[PDB]
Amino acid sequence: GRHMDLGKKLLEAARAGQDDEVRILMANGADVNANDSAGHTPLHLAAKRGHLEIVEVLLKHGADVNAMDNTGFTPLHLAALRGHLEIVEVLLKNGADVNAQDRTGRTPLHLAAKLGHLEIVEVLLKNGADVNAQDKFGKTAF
């Protein structure tokens, strides 16, 4: 009842970037890995939006750093897609899988290279991203 409802508010707070509302919801027992209907966790929404503080907070609270939404994106896919560098770094220092595949086989490197995020491509390669990784169509990142 309540616990489910704290999850939905945590999702909203993580998306809308309310750094302190997040801290409260957690201490009222909210689930750090609550899912929206698209399968996003709070860490996906915070990584997507570029809220570094909220990303740090969620990880300090046991957030699953390699959680996958219904498309198969991890938070590292989301941060890379939109060029959030410090987020990409922090996710990687907390054990993010650098070669995690979405449902079509795309790594974070695939998405970063697709959208031209060159600084993300470099940081990904420094962290053991595979240059020859293929998606499910046989296509590499380039």
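All residue numbers refer to positions in the sequence shown, first residue = 1.
Visitor: Averaging only over Cα atoms, indicate whether 4 to 12 or 132 to 140 has the higher B-factor in the PDB entry.
Guide: For C-alpha atoms only, the mean B-factor is higher in 4 to 12.
Visitor: For the C-alpha atoms alone, is the average B factor greater in 27 to 35 or in 42 to 50, going by the entry?
Guide: Higher of the two, by average CA B-factor, is 27 to 35.
Visitor: Against its chain's modelled residues, does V57's Cα B factor rank lowest, middle or highest third?
Guide: Within its chain, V57 is a highest-third residue by C-alpha B-factor, going by the deposited values.
Visitor: Could you tell me which third, lowest, middle or highest, the C-alpha B-factor of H110 occupies within its chain?
Guide: Lowest third.
Visitor: For the chain shown, is the CA B-factor of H77 in the lowest, middle or highest third of its modelled residues?
Guide: Ranked within chain, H77 CA B lands in the lowest tercile.
Visitor: Can you work out whether the C-alpha temperature factor of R103 puts it in the lowest, middle or highest third of the chain?
Guide: Tercile = lowest for this residue's CA B-factor.
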